[PDB]
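Below: the structure, in structure tokens.
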Amino acid sequence: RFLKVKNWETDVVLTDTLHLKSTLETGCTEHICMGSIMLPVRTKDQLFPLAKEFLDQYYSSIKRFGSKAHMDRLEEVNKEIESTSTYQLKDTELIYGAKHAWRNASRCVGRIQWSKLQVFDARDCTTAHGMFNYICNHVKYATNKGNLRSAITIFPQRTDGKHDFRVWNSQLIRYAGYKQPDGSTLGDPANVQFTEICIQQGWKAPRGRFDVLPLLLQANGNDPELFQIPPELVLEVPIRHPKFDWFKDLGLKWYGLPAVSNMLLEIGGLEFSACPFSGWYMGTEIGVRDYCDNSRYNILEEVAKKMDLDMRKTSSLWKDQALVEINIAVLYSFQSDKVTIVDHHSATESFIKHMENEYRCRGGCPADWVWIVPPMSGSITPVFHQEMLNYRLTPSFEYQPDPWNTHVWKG
Amino acid sequence: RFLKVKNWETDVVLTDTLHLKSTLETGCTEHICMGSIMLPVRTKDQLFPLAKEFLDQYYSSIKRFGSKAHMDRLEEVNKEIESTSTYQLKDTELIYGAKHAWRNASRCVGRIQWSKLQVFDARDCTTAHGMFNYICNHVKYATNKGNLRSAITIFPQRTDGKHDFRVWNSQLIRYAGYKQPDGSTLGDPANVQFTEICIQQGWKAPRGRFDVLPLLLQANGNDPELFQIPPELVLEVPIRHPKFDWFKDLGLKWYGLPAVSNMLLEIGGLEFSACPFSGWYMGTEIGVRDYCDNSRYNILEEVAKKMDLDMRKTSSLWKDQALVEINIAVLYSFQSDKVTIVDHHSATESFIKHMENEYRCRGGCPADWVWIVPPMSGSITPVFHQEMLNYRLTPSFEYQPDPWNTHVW
Ligand code: HEM
Ligand code: HEM
Ligand SMILES: Cc1cc(N)nc2cc(-c3ccc(CN)cc3)ccc12
Ligand SMILES: Cc1cc(N)nc2cc(-c3ccc(CN)cc3)ccc12
Ligand SMILES: C[C@H](O)[C@H](O)[C@H]1CNc2nc(N)[nH]c(=O)c2N1
Ligand SMILES: C[C@H](O)[C@H](O)[C@H]1CNc2nc(N)[nH]c(=O)c2N1
Ligand SMILES: [Zn+2]
């Protein structure tokens with residue numbers, strides 16, 4: 001079976017055959033679409049078919065399918081599974097797996113860059129202190145004095161689910177959030193629950209609006225431990241506006257390195273529960289969502305006030321006007337400080353080129369429209385008019401439950 | 001299988017049971033989601049269960065499920081179908097069916113108004129001249145001197161596919177589009193082929209930027225006919241900006257009445273191929289899409305120029321800045337001229353409330369996130385953070401082929 005997608009701005013029609021290689025499920029059925037739903041101990045029984053499928057893909061990509069090297073590897077992995085109940089990936093396989101997990105990430109608009117991923121092998125790690133060291137080196141490498149470089153650090157795979165490696169932070173660098181007695185929130189409302197866990201684990205909180213959170217790191221199923229990232233490793237950018245001199249007086253800043261640390265990397269049935277990865281920001285992530293979401297810093301009001309906008313009726317679009325200015329400031333600040341950032345126009349344009357390239361050389365590109373279209377100015381970016389097919393390929397990044405909900409405490 | 005939807009800005013959770021009523025299909029499977037795809041002659045057999053399903057929901061809605069009246073009507077339609085190979089809706093059923101087709105339109109953000117629909121029964125129409133008359137009356141009623149009122153006009157149902165009633169226009173009111181020898185396009189580019197069909201069918205084009213297109217009306221399957229809508233029925237709004245005086249110099253205006261005329265209304269298995277319906281605009285439909293789409297009026301660059309913005313790099317967000325000002329102007333203009341319009345903030349907020357209402361009194365609300373979220377400022381509107389379930393309920397509005405691709409001329 002063949003499937004078609006149309007760009008309605010350009011009438012370009014592309015043909016998807018890659019969706020045939022899809023195994024996992026979407027959540028949708030013939031009678032319902034769950035396209036906008038945010039989120040819709042493995043045995044040797046089901047593991048070798050997963051391993052075989054991966055190795056078949058791996059050896060196809062290196063043009064050695066059916067070779068002796070391929071057949072021996074399959075033999076080797078098989079024996080290791082019946083004997084040890086799991087198996088170990090070779091370095092080459094790990095690197096391939098991590099890159100393709102990104103390549104397959106249907107919600108990621110930045111995938112033109114997928115083949116340029118620095119992979120750090122941390123599978124020899126054994127303790128939280130070792131985790132801290134590996135993560136510090138990731139941050140230094142990735143940050144590169146403002147010239148950001150994509151990277152991922154991969155900690156040991158799950159075994160019996162009782163000895164998981166986890167990074168308890170949702171991102172390596174994030175600001176604290178504090179609920180005040182009067183109901184107000186200081187800092188980042190998104191991080192209030194995590195901030196509280198940290199504080200309980202012994203963190204002494206500065207209680208400011210932009211405090212970098214400590215790392216809470218769990219090795220081999222043990223209780224997590226607290227570590228402070230050296231401040232010299234945490235690159236930050238003061239937010240100012242190119243025409244509005246009062247904007248700096250809002251006292252806003254943000255960190256340069258987006259590094260998500262709570263997802264799970266699946267490769268050939270193996271599960272890597274600690275695998276922090278990082279790239280660079282698209283401006284709207286900070287300027288639209290981080291700053292202007294009602295449930296975050298929510299600075300629309302103060303910015304609209306200082307612009308002296310008609311905030312009485314919404315049909316004055318004061319909200320819309322402030323939003324643009326805030327996003328102008330974020331991009332201006334990052335560029336002025338020579339910290340890698342990309343605007344949503346550039347990024348979406350790149351994605352369309354990526355996607356077309358992928359349809360031609362790969363037979364498709366799974367893509368989640370709901371997530372790919374930017375949170376402002378949707379239809380003046382070229383992905384808005386682009387039809388997309390969403391399906392799940394492996395290797396993949398998956399969601400996993402927050403560890404504090406599942407962890408068995410040692411004491 | 002009793003599904004939940006969460007709002008991530010408020011933690012409000014709603015439970016959907018209405019989806020289990022759904023009949024038709026979405027285009028998705030467990031292995032693929034087609035949620036962003038734009039577009040994914042009935043026998044005696046298929047007709048009677050369809051009629052039964054409809055009459056069942058109708059008599060439940062008036063709390064007379066399992067009544068003599070119910071069973072009698074059921075038997076009456078049953079006999080008429082066996083006999084005539086089709087059937088006719090009672091007036092009350094027709095009004096119910098039309099209101100619920102709107103109610104079920106998962107892509108429509110304006111559905112909080114769904115039960116205040118004025119239904120004009122035009123099933124006695126026989127000619128294009130008659131169609132023109134019914135359509136002029138619709139337009140005048142809907143427009144109401146700027147105080148817009150929702151309305152639908154329903155022409156005779158399909159019979160054998162050879163006697164279809166069709167409005168060939170996509171909307172009752174739309175501006176012409178002409179391609180220049182120079183290369184570009186004057187007027188509305190989306191309407192370039194239709195503007196040509198009209199001329200190709202006999203229209204005399206003034207070749208302006210805002211020429212109201214003629215109606216092309218097809219009755220009983222005959223060749224369609226051109227009719228000019230009386231200009232005093234076409235309410236238009238001159239577009240000016242509340243702070244930029246040079247804005248008027250652009251020479252922009254739009255029409256007040258959005259009236260879509262190329263869809264198909266399905267009730268109880270019956271197919272109404274001509275059923276123009278109208279409401280009032282959400283501001284972004286004109287200012288974001290109509291004015292700023294690249295394959296439309298595409299005036300973004302011209303506007304930014306006049307604002308002296310830095311158009312050298314995309315990261316100046318000059319497009320975004322212009323986009324907002326244009327949309328401020330559209331709203332300002334309509335509001336100034338007392339022509340009904342709604343901004344995307346109030347409309348999306350209205351929709352969340354409608355959702356709340358539907359989950360409470362009905363058990364759910366089919367909704368297509370990809371279309372409900374406005375084309376600008378998405379995440380600062382409350383629908384962005386609202387999970388939605390999309391499924392197809394009947395009665396419904398459906399797409400149908402363009403007539404010129406079908407009509408045996
Ligand atoms: C290099 C520049 C990159 C840019 C500009 C970028 C941009 C984005 C954006 C804007 C999102 C939506 C997230 C949100 O709105 O909160 C996203 C999602 C995502 N990104 Fe990328 N990204 C980049 C690199 C990477 C890398 C290096 C990886 C992994 C190695 C990655 C993996 C993902 C995944 C898995 C998602 C989906 C998250 C989910 O399913 O919820 N990205 N990206
Ligand atoms: C009264 C004010 C109304 C408002 C503000 C409104 C708003 C909207 C908007 C913004 C769209 C998206 C269309 C686009 O982006 O091109 C839409 C779609 C739609 N509207 Fe409404 N609408 C209104 C009334 C109505 C009425 C009266 C009907 C029918 C009786 C209707 C039926 C539909 C349908 C069927 C679609 C989508 C068709 C599809 O592709 O499935 N609307 N509406
Ligand atoms: C590597 C990378 C770069 C970037 N600019 N944004 C990301 C954003 C995410 C991301 C962030 C948040 C969420 C859920 N709110 C889902 C995915 C993950 C990775 C990213
Ligand atoms: C009645 C009404 C009012 C309004 N403001 N917009 C509409 C927009 C539509 C519409 C327009 C186009 C399409 C297909 N692109 C689907 C639906 C239909 C009816 C509308
Ligand atoms: C390809 C994509 O589905 C297409 O551009 C859709 C997306 N969302 C939309 N949403 C609305 N409201 N109206 C539209 O015309 C579209 N177009
Ligand atoms: C409910 C809805 O799916 C949710 O708000 C999504 C919508 N699209 C998104 N798109 C991106 N890029 N990031 C997000 O966090 C979200 N949130
Ligand atoms: Zn779907």
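Chain labels A, B, ... are given in the sequence in which chains occur in the structure tokens; within each chain residues are numbered consecutively from 1, and ligands are likewise numbered from 1 in the order shown.
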### Query
Would you name the residues within 10 Å of ligand 4, counting only C-alpha atoms and all ligand atoms, and put them as a ChimeraX atom specification?
/B:38-39,102,105,107-111,150-152,170-171,256-263,276-286,341-342,371,397-399
Go ahead and dump the residues you just picked, N, CA, C and O atoms, as a short mmCIF file (atom, residue, chain, number, x, y, z; two decimals), in the first residue's frame.
data_model
loop_
_atom_site.label_atom_id
_atom_site.label_comp_id
_atom_site.auth_asym_id
_atom_site.auth_seq_id
_atom_site.Cartn_x
_atom_site.Cartn_y
_atom_site.Cartn_z
N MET B 38 -6.19 16.91 5.03
CA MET B 38 -7.35 17.76 4.74
C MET B 38 -8.60 16.95 4.35
O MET B 38 -9.69 17.17 4.89
N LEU B 39 -8.44 16.02 3.40
CA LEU B 39 -9.58 15.26 2.87
C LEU B 39 -9.35 13.75 2.83
O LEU B 39 -8.91 13.22 1.81
N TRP B 102 -24.38 20.84 12.31
CA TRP B 102 -23.50 21.89 12.82
C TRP B 102 -22.91 21.46 14.16
O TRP B 102 -21.71 21.56 14.36
N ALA B 105 -20.01 19.17 13.76
CA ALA B 105 -18.93 19.59 12.88
C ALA B 105 -17.64 19.75 13.68
O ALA B 105 -17.38 20.80 14.26
N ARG B 107 -14.66 20.34 13.21
CA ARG B 107 -13.69 21.36 12.86
C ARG B 107 -14.16 22.77 13.15
O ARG B 107 -13.43 23.72 12.91
N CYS B 108 -15.39 22.91 13.67
CA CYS B 108 -15.98 24.24 13.83
C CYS B 108 -15.80 24.76 15.25
O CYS B 108 -16.24 24.13 16.20
N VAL B 109 -15.16 25.91 15.39
CA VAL B 109 -14.94 26.50 16.71
C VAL B 109 -16.17 27.29 17.18
O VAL B 109 -16.30 27.61 18.36
N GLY B 110 -17.10 27.58 16.26
CA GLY B 110 -18.21 28.45 16.57
C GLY B 110 -19.46 27.73 17.05
O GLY B 110 -20.53 28.32 17.09
N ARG B 111 -19.32 26.47 17.45
CA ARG B 111 -20.48 25.62 17.70
C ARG B 111 -21.27 25.90 18.97
O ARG B 111 -22.28 25.24 19.22
N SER B 150 -27.09 33.39 12.12
CA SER B 150 -26.79 32.12 11.46
C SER B 150 -27.98 31.58 10.71
O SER B 150 -29.11 31.61 11.22
N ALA B 151 -27.73 31.03 9.52
CA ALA B 151 -28.80 30.47 8.71
C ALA B 151 -28.29 29.42 7.73
O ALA B 151 -27.14 29.45 7.31
N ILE B 152 -29.16 28.49 7.38
CA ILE B 152 -28.91 27.50 6.33
C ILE B 152 -30.14 27.46 5.42
O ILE B 152 -31.27 27.55 5.89
N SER B 170 -17.84 28.30 -3.98
CA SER B 170 -17.45 27.67 -2.72
C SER B 170 -18.07 28.43 -1.56
O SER B 170 -18.43 27.84 -0.53
N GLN B 171 -18.18 29.75 -1.72
CA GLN B 171 -18.97 30.59 -0.82
C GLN B 171 -19.90 31.46 -1.65
O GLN B 171 -19.61 31.74 -2.81
N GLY B 256 -18.79 40.97 4.94
CA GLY B 256 -19.20 40.59 6.28
C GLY B 256 -19.73 39.17 6.45
O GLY B 256 -19.69 38.64 7.56
N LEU B 257 -20.21 38.56 5.37
CA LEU B 257 -20.94 37.29 5.47
C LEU B 257 -20.19 36.08 4.93
O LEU B 257 -20.10 35.89 3.71
N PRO B 258 -19.64 35.25 5.84
CA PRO B 258 -19.07 33.97 5.41
C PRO B 258 -20.17 32.94 5.22
O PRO B 258 -20.87 32.58 6.17
N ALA B 259 -20.34 32.47 3.98
CA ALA B 259 -21.46 31.60 3.65
C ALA B 259 -21.01 30.48 2.76
O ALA B 259 -20.90 30.65 1.54
N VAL B 260 -20.74 29.32 3.35
CA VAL B 260 -20.13 28.23 2.60
C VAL B 260 -21.18 27.43 1.86
O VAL B 260 -22.19 27.04 2.44
N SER B 261 -20.94 27.17 0.59
CA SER B 261 -22.00 26.70 -0.28
C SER B 261 -21.69 25.42 -1.07
O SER B 261 -22.54 24.95 -1.84
N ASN B 262 -20.52 24.83 -0.86
CA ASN B 262 -20.12 23.65 -1.63
C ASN B 262 -20.08 22.34 -0.84
O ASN B 262 -19.59 21.34 -1.34
N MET B 263 -20.59 22.34 0.39
CA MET B 263 -20.64 21.10 1.15
C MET B 263 -21.98 20.36 1.01
O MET B 263 -22.94 20.86 0.41
N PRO B 276 -26.35 25.93 1.29
CA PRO B 276 -25.49 27.04 1.73
C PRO B 276 -25.74 27.43 3.19
O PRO B 276 -26.89 27.62 3.57
N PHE B 277 -24.69 27.51 4.02
CA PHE B 277 -24.88 27.98 5.39
C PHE B 277 -23.91 29.09 5.76
O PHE B 277 -22.82 29.21 5.18
N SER B 278 -24.30 29.91 6.72
CA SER B 278 -23.55 31.11 7.02
C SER B 278 -23.63 31.39 8.50
O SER B 278 -24.59 30.97 9.15
N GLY B 279 -22.59 32.04 9.02
CA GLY B 279 -22.57 32.49 10.40
C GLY B 279 -21.99 33.89 10.41
O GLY B 279 -22.52 34.78 9.76
N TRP B 280 -20.91 34.08 11.16
CA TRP B 280 -20.14 35.31 11.10
C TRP B 280 -18.65 34.95 11.30
O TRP B 280 -18.34 33.88 11.79
N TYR B 281 -17.77 35.84 10.88
CA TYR B 281 -16.33 35.56 10.84
C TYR B 281 -15.66 35.56 12.20
O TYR B 281 -16.01 36.34 13.09
N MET B 282 -14.66 34.69 12.34
CA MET B 282 -13.62 34.91 13.33
C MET B 282 -12.56 35.73 12.61
O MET B 282 -12.22 35.44 11.47
N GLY B 283 -12.04 36.77 13.27
CA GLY B 283 -11.11 37.69 12.67
C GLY B 283 -9.93 37.13 11.88
O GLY B 283 -9.59 37.66 10.83
N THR B 284 -9.32 36.06 12.39
CA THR B 284 -8.16 35.44 11.73
C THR B 284 -8.47 34.80 10.38
O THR B 284 -7.57 34.66 9.54
N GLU B 285 -9.72 34.41 10.14
CA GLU B 285 -10.10 33.84 8.85
C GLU B 285 -9.78 34.80 7.70
O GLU B 285 -9.36 34.38 6.63
N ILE B 286 -9.98 36.09 7.95
CA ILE B 286 -9.66 37.13 6.98
C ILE B 286 -8.19 37.61 7.09
O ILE B 286 -7.44 37.59 6.12
N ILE B 341 -18.34 40.30 14.42
CA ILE B 341 -17.09 39.57 14.25
C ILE B 341 -16.66 39.08 15.62
O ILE B 341 -17.05 39.67 16.63
N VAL B 342 -15.87 38.01 15.67
CA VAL B 342 -15.35 37.54 16.95
C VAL B 342 -13.82 37.37 16.84
O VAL B 342 -13.31 36.93 15.81
N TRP B 371 -7.77 21.87 13.39
CA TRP B 371 -8.58 22.96 12.83
C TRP B 371 -9.13 23.95 13.86
O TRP B 371 -9.39 25.11 13.53
N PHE B 397 -22.05 17.53 7.91
CA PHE B 397 -21.64 18.21 6.69
C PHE B 397 -20.42 17.48 6.15
O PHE B 397 -19.51 17.13 6.91
N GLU B 398 -20.42 17.23 4.85
CA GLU B 398 -19.37 16.47 4.19
C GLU B 398 -18.87 17.23 2.99
O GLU B 398 -19.59 18.06 2.43
N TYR B 399 -17.65 16.94 2.57
CA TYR B 399 -17.13 17.46 1.32
C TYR B 399 -17.70 16.67 0.17
O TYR B 399 -18.09 15.51 0.34
#
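Residues in contact with segment 353-365 of chain B at 8 Å, where only C-alpha atoms are counted and same-chain residues fewer than 4 positions away are skipped, are listed as residues 14, 15, 16, 17, 18, 19, 104, 106, 111, 112, 349 and 389 of chain B.
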Selection from above, N, CA and C atoms, as a compact mmCIF listing (two decimals), in the first residue's frame, can you write it?
# COMPACT_ATOMS: atom_id res chain seq x y z
N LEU B 14 -12.31 15.72 31.36
CA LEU B 14 -13.65 15.36 30.90
C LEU B 14 -13.65 13.91 30.44
N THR B 15 -14.79 13.23 30.62
CA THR B 15 -14.91 11.83 30.22
C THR B 15 -15.86 11.70 29.04
N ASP B 16 -15.39 11.08 27.97
CA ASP B 16 -16.16 11.02 26.73
C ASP B 16 -16.82 9.65 26.56
N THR B 17 -18.15 9.65 26.49
CA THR B 17 -18.89 8.43 26.18
C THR B 17 -19.58 8.56 24.83
N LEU B 18 -19.67 9.79 24.32
CA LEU B 18 -20.43 10.05 23.11
C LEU B 18 -19.77 9.42 21.89
N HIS B 19 -18.46 9.21 21.96
CA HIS B 19 -17.71 8.68 20.83
C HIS B 19 -18.17 7.28 20.47
N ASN B 104 -22.30 18.63 15.22
CA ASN B 104 -21.34 17.55 15.02
C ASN B 104 -20.11 17.91 14.19
N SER B 106 -16.82 18.72 13.71
CA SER B 106 -15.72 18.70 14.67
C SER B 106 -14.65 19.77 14.41
N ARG B 111 -19.32 26.47 17.45
CA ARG B 111 -20.48 25.62 17.70
C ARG B 111 -21.27 25.90 18.97
N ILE B 112 -20.85 26.87 19.78
CA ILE B 112 -21.62 27.15 20.99
C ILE B 112 -23.00 27.73 20.61
N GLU B 349 -12.24 30.65 23.80
CA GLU B 349 -12.76 30.59 25.15
C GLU B 349 -14.22 30.13 25.13
N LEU B 389 -10.95 14.76 21.32
CA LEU B 389 -11.15 13.51 20.60
C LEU B 389 -11.91 13.80 19.31
#### Entry: Counting only C-alpha atoms, chain A residues within 7 Å of chain B, as a PyMOL selection string
chain A and resi 9+22+24-37+293+295+314-317+320-321+324+328+331+343+345+369-370+375-380+387-391
### Task
Among the residues of segment 102-342 of chain A, find those DSSP assigns to alpha helix (DSSP H) from the backbone and print them as JSON, numbers by chain.
{"A": [102, 103, 128, 129, 130, 131, 132, 133, 134, 135, 136, 137, 138, 139, 140, 141, 142, 143, 192, 193, 194, 195, 196, 197, 198, 199, 200, 283, 284, 291, 292, 300, 301, 302, 303, 304, 305, 306, 318, 319, 320, 321, 322, 323, 324, 325, 326, 327, 328, 329, 330, 331, 332, 333, 334, 335, 336]}
### Task
Return the single residue from A:55, A:326, A:205, A:151 that is closest to ligand 1, with distances computed using only C-alpha atoms and all ligand atoms.
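Looking only at the distances to ligand 1, the closest residue turns out to be A:151.
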### Task
For residue 194 of chain A, list every protein, DNA or RNA residue within 10 Å, evaluated using only C-alpha atoms, and leave out those in the same chain fewer than 5 positions away; present the list as a VMD selection string.
chain A and resid 168 to 170 176 to 178 199 to 200 213 216 404
Write the residues of the preceding selection, restricted to N, CA and C atoms, as a compact mmCIF listing (two decimals), in the first residue's frame.
# COMPACT_ATOMS: atom_id res chain seq x y z
N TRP A 168 16.43 12.30 37.70
CA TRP A 168 15.12 12.68 38.21
C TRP A 168 14.66 14.05 37.68
N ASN A 169 15.59 14.87 37.18
CA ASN A 169 15.24 16.14 36.54
C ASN A 169 14.55 15.91 35.19
N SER A 170 13.65 16.81 34.79
CA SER A 170 13.03 16.68 33.46
C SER A 170 13.97 17.21 32.40
N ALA A 176 14.20 26.68 39.46
CA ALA A 176 13.35 26.28 40.58
C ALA A 176 12.00 26.99 40.54
N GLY A 177 11.02 26.39 41.21
CA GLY A 177 9.70 26.98 41.36
C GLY A 177 9.21 26.80 42.79
N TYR A 178 8.76 27.88 43.41
CA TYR A 178 8.35 27.80 44.80
C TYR A 178 6.92 28.28 45.01
N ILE A 199 14.32 20.02 47.69
CA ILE A 199 14.40 20.67 49.00
C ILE A 199 14.33 19.63 50.11
N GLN A 200 13.43 18.66 49.94
CA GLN A 200 13.26 17.59 50.91
C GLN A 200 14.50 16.71 50.98
N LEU A 213 18.36 24.45 39.25
CA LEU A 213 18.07 23.31 40.13
C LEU A 213 19.28 22.39 40.22
N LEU A 216 19.44 15.58 40.43
CA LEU A 216 19.03 14.50 41.32
C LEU A 216 19.20 13.19 40.57
N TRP A 404 9.75 9.35 41.00
CA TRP A 404 9.29 9.46 42.39
C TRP A 404 7.94 8.79 42.60
### Message
I'd like to know which residues of segment 70-215 of chain A are strand (DSSP E or B) (by DSSP, run on the backbone); could you write them as a PyMOL selection string?
### Response
chain A and resi 118-121+151-154+166-167+171+175+177-179+185-187+212+215
### Residue nearest ligand 2 among A:385, A:203, A:93, A:348 (counting only C-alpha atoms and all ligand atoms)
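Checking each candidate against ligand 2, we get A:385 as the closest.
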### Query
Can you list, as a ChimeraX atom specification, every protein, DNA or RNA residue that comes within 7 Å of residue 330 of chain A when you count only C-alpha atoms, leaving out same-chain residues fewer than 3 positions away?
/A:239,283,287,326-327,333-334
Residues just named, written with N, CA, C and O atoms as a PDB file, in the first residue's frame:
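Saved file selection_31.pdb follows:
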ATOM      1  N   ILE A 239      17.845  38.660  29.198  1.00  0.00           N
ATOM      2  CA  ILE A 239      16.921  38.988  28.118  1.00  0.00           C
ATOM      3  C   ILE A 239      16.683  40.482  28.039  1.00  0.00           C
ATOM      4  O   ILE A 239      16.224  41.113  28.998  1.00  0.00           O
ATOM      5  N   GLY A 283      13.399  29.633  19.267  1.00  0.00           N
ATOM      6  CA  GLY A 283      13.009  30.786  20.066  1.00  0.00           C
ATOM      7  C   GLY A 283      11.679  30.713  20.796  1.00  0.00           C
ATOM      8  O   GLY A 283      11.547  31.174  21.939  1.00  0.00           O
ATOM      9  N   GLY A 287      10.194  31.991  24.394  1.00  0.00           N
ATOM     10  CA  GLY A 287       9.458  33.239  24.330  1.00  0.00           C
ATOM     11  C   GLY A 287       7.934  33.096  24.336  1.00  0.00           C
ATOM     12  O   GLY A 287       7.233  33.950  24.865  1.00  0.00           O
ATOM     13  N   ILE A 326       8.126  39.873  23.062  1.00  0.00           N
ATOM     14  CA  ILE A 326       8.869  38.958  23.925  1.00  0.00           C
ATOM     15  C   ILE A 326       9.701  37.967  23.123  1.00  0.00           C
ATOM     16  O   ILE A 326      10.827  37.636  23.501  1.00  0.00           O
ATOM     17  N   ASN A 327       9.164  37.500  22.003  1.00  0.00           N
ATOM     18  CA  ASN A 327       9.908  36.551  21.192  1.00  0.00           C
ATOM     19  C   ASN A 327      11.009  37.221  20.381  1.00  0.00           C
ATOM     20  O   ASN A 327      12.053  36.610  20.111  1.00  0.00           O
ATOM     21  N   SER A 333      18.502  38.610  22.153  1.00  0.00           N
ATOM     22  CA  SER A 333      19.429  38.412  23.260  1.00  0.00           C
ATOM     23  C   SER A 333      20.400  37.281  22.962  1.00  0.00           C
ATOM     24  O   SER A 333      21.608  37.430  23.173  1.00  0.00           O
ATOM     25  N   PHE A 334      19.876  36.162  22.469  1.00  0.00           N
ATOM     26  CA  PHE A 334      20.701  34.996  22.178  1.00  0.00           C
ATOM     27  C   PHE A 334      21.702  35.298  21.067  1.00  0.00           C
ATOM     28  O   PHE A 334      22.885  34.976  21.184  1.00  0.00           O
TER      29      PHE A 334
END
### Task
Pick out the residues no farther than 6 Å from ligand 3, counting only C-alpha atoms and all ligand atoms, and list them as number ranges by chain.
A: 258-260, 277-282
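Counting from atom 6 (C, counted along the ligand's line) of ligand 2, the distance to atom CA of residue 350 of chain B is 11.1 Å.
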### Query
Taking only C-alpha atoms and all ligand atoms into account, which residues are within 7 Å of ligand 1, as a list in words?
residues 98, 99, 102, 105, 106, 107, 108, 109, 110, 111, 113, 114, 117, 150, 151, 152, 277, 278, 279, 280, 281, 282, 285, 342, 347, 371, 372, 397 and 398 of chain A
